[PDB]
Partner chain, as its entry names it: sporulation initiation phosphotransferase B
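Only one chain comes next, encoded as structure tokens, the form solved without the partner chain.
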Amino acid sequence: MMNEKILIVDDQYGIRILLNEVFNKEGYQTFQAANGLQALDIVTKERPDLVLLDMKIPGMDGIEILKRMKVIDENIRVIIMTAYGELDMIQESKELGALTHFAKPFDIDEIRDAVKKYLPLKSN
């Protein structure tokens, strides 16, 4: 009765903040990441069920990160905040473990909406 953990992987400033306050009042313990190693660490320390992976991180493709998440837990969810760009491992990444695929500019309403349908909160 306390698996409301989340990992917001975003290096660009603006998403880790907006997505934060949003999941902060709605009732969600989201974290911050971007280097990739920080996301996997918080994932092995708390083991959240929602992970926001962004392909914008200008340092290393997050394609490997998703792999580690599939090697540590198969019931892990991850969304792609970059649908407006390319689509190589995104298609297969879907059936793999990519719940939805958000892009930019996105709407904080569509992000919290998909997060609510996926992870159900306590009764009301």
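Numbering follows the first chain given and starts at 1.
What follows is about the form solved in complex with the partner chain, which we do not show.
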Single option in 37, 72, 96, 63 placed near the partner chain in the entry with it bound, where near means a heavy atom within 4.5 Å: 37
4.5 Å heavy atom contact, residue 56 to the partner chain in the entry with it bound: yes
The partner chain contact at residue 9 in the entry with it bound, heavy atom, 4.5 Å: no
The partner chain contact at residue 116 in the entry with it bound, heavy atom, 4.5 Å: no
